Structures are given as structure tokens and as C-alpha cells.
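Structure file structure03.tsv (TSV, C-alpha atoms and all ligand atoms) is printed below.
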chain	number	residue	atom	x	y	z
A	1	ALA	CA	-19.95	-8.79	-5.11
A	2	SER	CA	-19.31	-6.96	-1.77
A	3	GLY	CA	-21.60	-4.04	-0.85
A	4	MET	CA	-20.11	-0.73	0.30
A	5	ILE	CA	-21.73	2.11	2.32
A	6	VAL	CA	-19.94	5.48	2.90
A	7	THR	CA	-21.29	7.85	5.61
A	8	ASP	CA	-20.42	11.31	6.96
A	9	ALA	CA	-18.28	11.05	10.17
A	10	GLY	CA	-20.35	13.38	12.40
A	11	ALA	CA	-23.91	13.76	13.74
A	12	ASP	CA	-25.76	10.46	13.02
A	13	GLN	CA	-23.48	9.23	10.14
A	14	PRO	CA	-25.92	9.83	7.24
A	15	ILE	CA	-25.16	7.67	4.13
A	16	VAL	CA	-23.47	9.72	1.32
A	17	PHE	CA	-22.68	6.86	-1.15
A	18	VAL	CA	-23.64	3.20	-1.75
A	19	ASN	CA	-22.11	1.03	-4.53
A	20	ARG	CA	-24.13	-1.01	-7.11
A	21	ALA	CA	-23.69	-4.26	-5.05
A	22	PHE	CA	-25.46	-2.58	-2.05
A	23	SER	CA	-28.63	-2.14	-4.21
A	24	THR	CA	-28.43	-5.78	-5.51
A	25	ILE	CA	-28.00	-7.10	-1.90
A	26	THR	CA	-30.60	-4.90	-0.09
A	27	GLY	CA	-33.17	-4.06	-2.85
A	28	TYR	CA	-32.79	-0.30	-2.00
A	29	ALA	CA	-31.86	2.32	-4.64
A	30	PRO	CA	-29.41	5.07	-3.57
A	31	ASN	CA	-32.25	7.68	-3.46
A	32	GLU	CA	-34.04	5.50	-0.83
A	33	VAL	CA	-31.04	5.44	1.61
A	34	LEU	CA	-28.90	8.60	1.03
A	35	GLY	CA	-29.07	10.98	4.04
A	36	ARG	CA	-30.27	8.19	6.41
A	37	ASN	CA	-28.39	6.30	9.13
A	38	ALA	CA	-27.82	2.65	7.98
A	39	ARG	CA	-29.72	1.33	11.08
A	40	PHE	CA	-32.90	1.17	8.86
A	41	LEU	CA	-31.38	-2.16	7.58
A	42	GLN	CA	-32.01	-3.67	11.06
A	43	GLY	CA	-35.29	-5.32	12.11
A	44	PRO	CA	-37.17	-7.22	14.83
A	45	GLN	CA	-34.65	-10.11	15.30
A	46	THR	CA	-31.43	-8.01	14.94
A	47	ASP	CA	-29.23	-8.75	18.03
A	48	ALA	CA	-29.20	-5.76	20.49
A	49	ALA	CA	-25.70	-6.58	21.91
A	50	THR	CA	-24.21	-6.56	18.35
A	51	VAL	CA	-25.87	-3.16	17.66
A	52	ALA	CA	-24.40	-1.91	21.01
A	53	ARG	CA	-20.85	-2.99	19.93
A	54	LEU	CA	-21.30	-1.19	16.54
A	55	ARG	CA	-22.58	1.91	18.43
A	56	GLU	CA	-19.54	2.02	20.79
A	57	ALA	CA	-16.99	1.32	17.97
A	58	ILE	CA	-18.38	4.12	15.71
A	59	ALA	CA	-18.52	6.58	18.68
A	60	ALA	CA	-14.78	5.83	19.34
A	61	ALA	CA	-13.97	5.69	15.56
A	62	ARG	CA	-12.60	2.11	16.08
A	63	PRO	CA	-12.76	-0.45	13.22
A	64	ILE	CA	-15.30	-3.25	13.97
A	65	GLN	CA	-16.51	-6.46	12.24
A	66	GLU	CA	-19.85	-8.14	13.15
A	67	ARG	CA	-22.24	-10.64	11.52
A	68	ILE	CA	-25.60	-8.81	11.87
A	69	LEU	CA	-29.18	-9.66	10.77
A	70	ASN	CA	-30.42	-7.08	8.23
A	71	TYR	CA	-33.61	-6.89	6.10
A	72	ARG	CA	-34.03	-6.24	2.35
A	73	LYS	CA	-36.50	-3.57	1.14
A	74	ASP	CA	-38.99	-6.49	0.57
A	75	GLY	CA	-38.58	-7.59	4.25
A	76	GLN	CA	-36.49	-10.77	3.57
A	77	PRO	CA	-33.79	-11.21	6.26
A	78	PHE	CA	-30.10	-11.62	5.23
A	79	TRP	CA	-26.85	-12.10	7.22
A	80	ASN	CA	-24.55	-9.07	6.81
A	81	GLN	CA	-20.83	-9.86	7.40
A	82	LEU	CA	-20.27	-6.15	8.17
A	83	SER	CA	-16.90	-4.36	8.55
A	84	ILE	CA	-16.78	-0.63	9.41
A	85	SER	CA	-13.61	1.54	9.35
A	86	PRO	CA	-13.01	5.29	9.81
A	87	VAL	CA	-11.44	7.27	6.90
A	88	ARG	CA	-8.87	9.65	8.51
A	89	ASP	CA	-6.92	12.60	7.03
A	90	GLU	CA	-3.18	12.87	7.89
A	91	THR	CA	-3.99	15.03	11.02
A	92	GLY	CA	-6.05	12.04	12.33
A	93	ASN	CA	-9.44	13.81	11.77
A	94	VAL	CA	-12.27	11.37	10.78
A	95	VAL	CA	-13.56	12.45	7.31
A	96	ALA	CA	-16.04	9.53	6.84
A	97	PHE	CA	-16.88	5.91	7.72
A	98	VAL	CA	-16.82	3.02	5.20
A	99	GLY	CA	-18.93	-0.12	5.74
A	100	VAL	CA	-18.43	-3.31	3.70
A	101	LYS	CA	-20.93	-6.20	3.40
A	102	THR	CA	-18.46	-9.02	2.51
A	103	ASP	CA	-19.69	-11.44	-0.19
A	104	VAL	CA	-18.70	-14.68	1.68
B	1	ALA	CA	-12.36	20.65	5.43
B	2	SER	CA	-10.52	17.59	3.95
B	3	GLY	CA	-11.47	16.45	0.41
B	4	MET	CA	-12.46	12.81	-0.23
B	5	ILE	CA	-12.51	10.84	-3.53
B	6	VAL	CA	-13.90	7.27	-3.79
B	7	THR	CA	-13.10	5.18	-6.92
B	8	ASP	CA	-13.90	1.70	-8.24
B	9	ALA	CA	-11.03	-0.78	-7.57
B	10	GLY	CA	-10.70	-2.19	-11.10
B	11	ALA	CA	-10.05	-1.00	-14.68
B	12	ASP	CA	-8.78	2.63	-14.48
B	13	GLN	CA	-10.27	3.51	-11.02
B	14	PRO	CA	-13.17	5.73	-12.17
B	15	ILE	CA	-14.41	8.20	-9.50
B	16	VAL	CA	-17.79	7.07	-8.04
B	17	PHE	CA	-18.09	9.70	-5.21
B	18	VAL	CA	-16.60	13.06	-4.09
B	19	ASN	CA	-17.54	14.90	-0.84
B	20	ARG	CA	-18.57	18.62	-0.72
B	21	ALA	CA	-15.01	19.72	0.28
B	22	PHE	CA	-13.61	18.15	-2.96
B	23	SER	CA	-15.70	20.69	-5.03
B	24	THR	CA	-14.58	23.65	-2.82
B	25	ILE	CA	-10.89	22.55	-3.16
B	26	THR	CA	-10.79	21.67	-6.91
B	27	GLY	CA	-13.60	23.87	-8.39
B	28	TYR	CA	-15.14	20.75	-10.07
B	29	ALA	CA	-18.78	19.63	-9.53
B	30	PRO	CA	-19.47	15.89	-9.00
B	31	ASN	CA	-21.04	15.45	-12.50
B	32	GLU	CA	-17.79	16.90	-14.01
B	33	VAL	CA	-15.60	14.17	-12.35
B	34	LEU	CA	-17.79	11.02	-11.90
B	35	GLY	CA	-16.51	8.14	-14.13
B	36	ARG	CA	-13.10	9.81	-14.71
B	37	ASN	CA	-9.67	8.79	-13.34
B	38	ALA	CA	-8.48	11.49	-10.84
B	39	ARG	CA	-5.30	12.10	-12.96
B	40	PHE	CA	-7.16	15.04	-14.69
B	41	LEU	CA	-6.19	17.05	-11.52
B	42	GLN	CA	-2.50	16.88	-12.65
B	43	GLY	CA	-0.85	19.44	-14.97
B	44	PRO	CA	2.41	20.73	-16.48
B	45	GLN	CA	4.45	21.10	-13.20
B	46	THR	CA	3.17	17.84	-11.57
B	47	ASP	CA	6.21	15.70	-10.52
B	48	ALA	CA	6.41	12.55	-12.76
B	49	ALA	CA	8.21	10.51	-10.00
B	50	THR	CA	5.34	11.25	-7.52
B	51	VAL	CA	2.77	10.13	-10.17
B	52	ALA	CA	4.84	6.90	-10.71
B	53	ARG	CA	4.77	6.11	-6.94
B	54	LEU	CA	0.94	6.58	-6.88
B	55	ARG	CA	0.68	4.36	-10.01
B	56	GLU	CA	2.66	1.48	-8.39
B	57	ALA	CA	0.80	1.77	-5.01
B	58	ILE	CA	-2.67	1.63	-6.68
B	59	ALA	CA	-1.63	-1.28	-8.99
B	60	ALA	CA	-0.61	-3.27	-5.80
B	61	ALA	CA	-3.47	-1.84	-3.61
B	62	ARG	CA	-0.84	-0.45	-1.16
B	63	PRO	CA	-1.58	2.59	1.05
B	64	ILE	CA	0.46	5.70	0.04
B	65	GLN	CA	0.74	9.41	0.98
B	66	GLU	CA	2.25	12.01	-1.42
B	67	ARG	CA	2.36	15.83	-1.64
B	68	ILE	CA	1.43	16.30	-5.35
B	69	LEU	CA	0.85	19.45	-7.44
B	70	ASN	CA	-2.74	19.56	-8.77
B	71	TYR	CA	-4.76	22.19	-10.68
B	72	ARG	CA	-8.26	23.60	-10.01
B	73	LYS	CA	-10.79	23.66	-12.90
B	74	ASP	CA	-9.83	27.36	-13.40
B	75	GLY	CA	-6.08	26.44	-13.69
B	76	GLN	CA	-4.93	27.58	-10.19
B	77	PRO	CA	-2.13	25.24	-8.98
B	78	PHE	CA	-2.55	23.83	-5.43
B	79	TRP	CA	-0.51	21.39	-3.28
B	80	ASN	CA	-2.54	18.20	-2.59
B	81	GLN	CA	-1.44	16.33	0.59
B	82	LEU	CA	-2.93	13.10	-0.84
B	83	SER	CA	-3.44	9.81	1.07
B	84	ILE	CA	-4.86	6.75	-0.78
B	85	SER	CA	-5.90	3.41	0.80
B	86	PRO	CA	-7.76	0.36	-0.55
B	87	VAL	CA	-11.18	-0.56	0.94
B	88	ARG	CA	-10.98	-4.38	1.46
B	89	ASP	CA	-13.73	-6.91	2.29
B	90	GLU	CA	-12.98	-9.60	4.93
B	91	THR	CA	-11.69	-12.02	2.18
B	92	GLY	CA	-9.00	-9.39	1.30
B	93	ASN	CA	-10.72	-8.46	-2.03
B	94	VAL	CA	-10.33	-4.74	-2.96
B	95	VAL	CA	-13.85	-3.17	-3.21
B	96	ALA	CA	-12.78	0.47	-3.80
B	97	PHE	CA	-10.03	3.08	-3.24
B	98	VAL	CA	-10.42	6.14	-0.98
B	99	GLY	CA	-8.30	9.29	-1.44
B	100	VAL	CA	-8.15	12.14	1.10
B	101	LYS	CA	-6.82	15.68	0.44
B	102	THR	CA	-5.78	16.64	4.02
B	103	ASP	CA	-6.70	20.25	4.98
B	104	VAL	CA	-3.38	21.58	6.47
A	201	LIG	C1	-20.33	3.39	7.28
A	201	LIG	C2	-21.36	2.65	8.08
A	201	LIG	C3	-22.02	1.56	7.52
A	201	LIG	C4	-22.95	0.84	8.24
A	201	LIG	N1	-23.58	-0.21	7.68
A	201	LIG	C5	-24.49	-0.91	8.37
A	201	LIG	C6	-25.18	-2.08	7.79
A	201	LIG	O1	-24.91	-2.44	6.63
A	201	LIG	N2	-26.08	-2.71	8.56
A	201	LIG	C7	-26.36	-2.30	9.82
A	201	LIG	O2	-27.20	-2.92	10.52
A	201	LIG	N3	-25.76	-1.24	10.41
A	201	LIG	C8	-24.86	-0.52	9.74
A	201	LIG	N4	-24.24	0.57	10.34
A	201	LIG	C9	-24.51	0.88	11.73
A	201	LIG	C10	-25.66	1.77	12.10
A	201	LIG	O3	-25.60	2.90	11.25
A	201	LIG	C11	-25.49	2.17	13.56
A	201	LIG	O4	-24.18	2.71	13.79
A	201	LIG	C12	-25.67	1.00	14.52
A	201	LIG	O5	-27.01	0.52	14.41
A	201	LIG	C13	-25.37	1.34	15.98
A	201	LIG	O6	-25.90	2.63	16.35
A	201	LIG	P1	-27.39	2.88	16.88
A	201	LIG	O7	-27.52	2.04	18.15
A	201	LIG	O8	-27.45	4.37	17.09
A	201	LIG	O9	-28.35	2.39	15.82
A	201	LIG	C14	-23.29	1.28	9.61
A	201	LIG	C15	-22.63	2.36	10.16
A	201	LIG	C16	-21.70	3.08	9.44
A	201	LIG	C17	-21.01	4.25	10.09
A	202	LIG	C1	-9.10	7.01	-4.75
A	202	LIG	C2	-8.09	7.78	-5.56
A	202	LIG	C3	-7.94	9.15	-5.43
A	202	LIG	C4	-6.97	9.84	-6.17
A	202	LIG	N1	-6.87	11.17	-6.00
A	202	LIG	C5	-5.96	11.87	-6.69
A	202	LIG	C6	-5.77	13.31	-6.53
A	202	LIG	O1	-6.47	13.97	-5.74
A	202	LIG	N2	-4.84	13.91	-7.29
A	202	LIG	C7	-4.06	13.22	-8.14
A	202	LIG	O2	-3.21	13.83	-8.81
A	202	LIG	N3	-4.18	11.89	-8.33
A	202	LIG	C8	-5.09	11.18	-7.64
A	202	LIG	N4	-5.20	9.81	-7.85
A	202	LIG	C9	-4.22	9.20	-8.74
A	202	LIG	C10	-4.53	9.00	-10.19
A	202	LIG	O3	-5.88	8.57	-10.31
A	202	LIG	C11	-3.55	7.98	-10.77
A	202	LIG	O4	-3.61	6.77	-10.02
A	202	LIG	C12	-2.09	8.47	-10.77
A	202	LIG	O5	-1.97	9.60	-11.64
A	202	LIG	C13	-1.08	7.42	-11.20
A	202	LIG	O6	-1.51	6.64	-12.31
A	202	LIG	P1	-1.29	7.08	-13.85
A	202	LIG	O7	0.22	7.15	-14.04
A	202	LIG	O8	-1.96	5.96	-14.59
A	202	LIG	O9	-1.99	8.40	-13.98
A	202	LIG	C14	-6.13	9.09	-7.12
A	202	LIG	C15	-6.29	7.72	-7.27
A	202	LIG	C16	-7.24	7.05	-6.51
A	202	LIG	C17	-7.41	5.56	-6.65
Encoded form (C-alpha cells):
Amino acid sequence: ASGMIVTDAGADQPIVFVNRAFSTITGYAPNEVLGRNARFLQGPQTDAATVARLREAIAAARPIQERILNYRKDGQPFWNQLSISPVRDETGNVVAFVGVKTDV
Amino acid sequence: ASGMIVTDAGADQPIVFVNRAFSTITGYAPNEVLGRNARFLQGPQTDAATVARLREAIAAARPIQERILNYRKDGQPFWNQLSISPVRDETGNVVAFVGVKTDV
């Protein structure tokens, strides 16, 4: 199943919701991740240029897809086919971001 | 502040998350709405044709915007400028629905 992360739009995009699949994939319970930026999923071999593209896309509220190296709670690396999109209201204001870890 | 509702994709789209603004707007606390279909917000003067258009859009996972009459927990009617979109993974599978009540 595909994991889903929802964050606030502003400040440092703290996580406000993760689905059940997220916990299966990552080994983290909601209470371990809520109120944190999702960058804690990254680790020593995560590609800097990929992180830079995510950073610029989120800052511009542009949808982006990247395959990024993440780490489970237990430290085991996994490939995250990650897609991030802004959630906008009808005035164009960004209300949230949604991230999907696609089950390929 | 715009309200946001996140539901599961399947079965009867149970609510899995609401933002703070949702509680301000509707008078319902998260624990009062989690696991329910959002149709409880409708009442006696809600337009049946508008409900039917939402029903068909969600069944087909099509984005839709409607101005729909909803009711606060205390019975106060309010106009909901509602936009619903599917959250898709990169295979096209629907992972969730997101609804926004646009603050006008
Ligand atoms: C909704 C959302 C979900 C995200 N999910 C992930 C994820 O699953 N894995 C990951 O490495 N980064 C994820 N990020 C990205 C990081 O939170 C952060 O934006 C990225 O590392 C670039 O910014 P930074 O250089 O400040 O860390 C997500 C971001 C958002 C807004
Ligand atoms: C994510 C999401 C948010 C929704 N938010 C609302 C809402 O704020 N108000 C409302 O009247 N209906 C909302 N709905 C619509 C109802 O849940 C339902 O789909 C609609 O009443 C039509 O289906 P029905 O004829 O089976 O009730 C939402 C649906 C989804 C998937």
C-alpha cells in the first residue's frame, strides 16, 4: 500500500497526519513523527541534490516527484518514490502539503 | 482560515484527519468526526442535486468544487465553498480524498 504524509503549509511543514501504510513502511508510529519535518527520514547516503530539488519545489509550492533514499526507524534504508503536491483553497492559498510514497 | 478534511479513498470515505480550522468552522472536535462520512454536515435545506454531483465525482475520483449548505454541530447553517480532489500515487491509484472549505 502507498504511504501518505500530510504537513502544514507554513514554517517548516510539520507533519499533521500519516496513514497506516506510512507506519508499515517506515516503522514509525504517528506519535513519533507528528509535529516534525519529514527530513528525519533522510540519512547519511541520501542524495544532497535531490534534497535541494525538494527544498526549492516546496518553497515555490510546486509539485515534485523524486526517488530518495530514506531510513526506517530500525535504520534499514529503503527507496522512497516520493511525490509532493500543495493542497490549495479556491483563492490559491496553500492549506497543506501531501506526500505519497508510491508502492511500486 | 480554510478548513481541510482528509478521507480514506475506499468504502464510504471515512474521515481520517481534520485541521484546526475545520473545528472552528463546523463546531465538531476531531474525535466527533473521525471514521464518519462527511455527509453528516448536510441538513434539511442542503440541495440534493449538489449532493448528487459530489457523489458522482467521488465515485469516479474526479476533482469537483460546489457551494453546499452545511450545518454546524449547534445547528447553525453555513455555506461551504467545498473543493474535493483525489490524492493519487504515481501508478494512478487513489490513496485518499482531500476536501477544502475555502475561507471567503
Ligand atoms: C508533505 C511532505 C512530505 C514529505 N515526505 C518526505 C519523505 O517521505 N521523505 C523525505 O526524505 N522527505 C520528505 N519531505 C521533504 C522534507 O520535509 C524537506 O522538505 C526536504 O528534506 C527538503 O528541505 P530541507 O533541505 O529543509 O530538509 C516531505 C515534505 C513534505 C512537505
Ligand atoms: C474528502 C471529502 C470531504 C468532504 N467534505 C464535505 C463537506 O465539507 N461537506 C459536505 O456536505 N460533504 C462533504 N463530502 C461529501 C460527502 O462525504 C458525500 O460524498 C456526499 O454527500 C455525496 O455522497 P452521498 O450521496 O453518498 O452522501 C466530502 C467528501 C470527501 C471525500
May I have the protein, DNA and RNA residues with any atom at most 12 Å from the point (-2.8, -0.6, 0.6), counting only C-alpha atoms, written as a count of residues only? 26
Given 5 Å of margin on each side, can you work out the centre and size in Å (one decimal) of an axis-aligned box holding every listed atom of region 50-65 of chain B, as lines of an AutoDock Vina configuration file?
center_x = 0.9
center_y = 4.0
center_z = -4.8
size_x = 18.8
size_y = 24.5
size_z = 21.8
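Note that CA of residue 35 (chain A) and CA of residue 25 (chain B) are 22.7 Å apart.
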Could you please tell me, as number ranges by chain, which residues of chain A have an atom within 7 Å of chain B when using all atoms listed in the file? A: 2, 17, 89-90, 95, 100, 102
Considering all atoms listed in the file, return as JSON, numbers by chain whatever protein or nucleic-acid residues lie within 7 Å of residue 43 (chain A), sequence-local ones (same chain, fewer than 3 positions apart) excluded. {"A": [46, 70, 71]}
Report the distance between atom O3 of ligand LIG 201 (chain A) and CA of residue 34 (chain A) in Å, rounded to one decimal place. 12.2 Å
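Closest approach to ligand LIG 202 (chain A) from the set B:50, B:31, B:45, B:7 is made by B:7, with distances taken over all atoms listed in the file.
Compared by their closest atoms to residue 37 (chain B), and using only C-alpha atoms, the residues B:5, B:51, B:15, B:68 rank with B:15 nearest.
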Expressed in Å to a single decimal, how great is the separation between CA of residue 78 (chain B) and atom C10 of ligand LIG 202 (chain A)? 15.7 Å
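Compared by their closest atoms to ligand LIG 201 (chain A), and using all atoms listed in the file, the residues A:67, A:55, A:73, A:20 rank with A:55 nearest.
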Fill-in result for region 72-85 of chain A, N, CA and C atoms as a PDB file, keeping the file's coordinate frame:
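Saved the output as result-v8.pdb:
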ATOM      1  N   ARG A  72     -33.879  -6.828   3.696  1.00  0.00           N
ATOM      2  CA  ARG A  72     -34.030  -6.240   2.350  1.00  0.00           C
ATOM      3  C   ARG A  72     -35.242  -5.307   2.352  1.00  0.00           C
ATOM      4  N   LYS A  73     -35.353  -4.480   1.320  1.00  0.00           N
ATOM      5  CA  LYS A  73     -36.500  -3.570   1.140  1.00  0.00           C
ATOM      6  C   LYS A  73     -37.801  -4.382   1.207  1.00  0.00           C
ATOM      7  N   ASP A  74     -37.790  -5.614   0.688  1.00  0.00           N
ATOM      8  CA  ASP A  74     -38.990  -6.490   0.570  1.00  0.00           C
ATOM      9  C   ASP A  74     -39.238  -7.258   1.873  1.00  0.00           C
ATOM     10  N   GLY A  75     -38.391  -7.054   2.889  1.00  0.00           N
ATOM     11  CA  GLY A  75     -38.580  -7.590   4.250  1.00  0.00           C
ATOM     12  C   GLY A  75     -37.873  -8.920   4.466  1.00  0.00           C
ATOM     13  N   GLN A  76     -37.201  -9.466   3.450  1.00  0.00           N
ATOM     14  CA  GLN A  76     -36.490 -10.770   3.570  1.00  0.00           C
ATOM     15  C   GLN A  76     -35.212 -10.552   4.373  1.00  0.00           C
ATOM     16  N   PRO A  77     -35.010 -11.318   5.465  1.00  0.00           N
ATOM     17  CA  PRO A  77     -33.790 -11.210   6.260  1.00  0.00           C
ATOM     18  C   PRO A  77     -32.565 -11.710   5.477  1.00  0.00           C
ATOM     19  N   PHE A  78     -31.398 -11.126   5.747  1.00  0.00           N
ATOM     20  CA  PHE A  78     -30.100 -11.620   5.230  1.00  0.00           C
ATOM     21  C   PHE A  78     -29.030 -11.375   6.292  1.00  0.00           C
ATOM     22  N   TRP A  79     -28.033 -12.255   6.339  1.00  0.00           N
ATOM     23  CA  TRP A  79     -26.850 -12.100   7.220  1.00  0.00           C
ATOM     24  C   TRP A  79     -25.853 -11.160   6.564  1.00  0.00           C
ATOM     25  N   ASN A  80     -25.472 -10.116   7.297  1.00  0.00           N
ATOM     26  CA  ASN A  80     -24.550  -9.070   6.810  1.00  0.00           C
ATOM     27  C   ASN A  80     -23.232  -9.248   7.555  1.00  0.00           C
ATOM     28  N   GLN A  81     -22.224  -9.808   6.886  1.00  0.00           N
ATOM     29  CA  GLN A  81     -20.830  -9.860   7.400  1.00  0.00           C
ATOM     30  C   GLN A  81     -20.271  -8.453   7.211  1.00  0.00           C
ATOM     31  N   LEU A  82     -20.446  -7.624   8.232  1.00  0.00           N
ATOM     32  CA  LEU A  82     -20.270  -6.150   8.170  1.00  0.00           C
ATOM     33  C   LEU A  82     -18.923  -5.765   8.770  1.00  0.00           C
ATOM     34  N   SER A  83     -18.163  -4.950   8.051  1.00  0.00           N
ATOM     35  CA  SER A  83     -16.900  -4.360   8.550  1.00  0.00           C
ATOM     36  C   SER A  83     -16.960  -2.851   8.371  1.00  0.00           C
ATOM     37  N   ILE A  84     -16.714  -2.107   9.442  1.00  0.00           N
ATOM     38  CA  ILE A  84     -16.780  -0.630   9.410  1.00  0.00           C
ATOM     39  C   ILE A  84     -15.420  -0.082   9.835  1.00  0.00           C
ATOM     40  N   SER A  85     -14.921   0.896   9.088  1.00  0.00           N
ATOM     41  CA  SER A  85     -13.610   1.540   9.350  1.00  0.00           C
ATOM     42  C   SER A  85     -13.763   3.052   9.199  1.00  0.00           C
TER      43      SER A  85
END
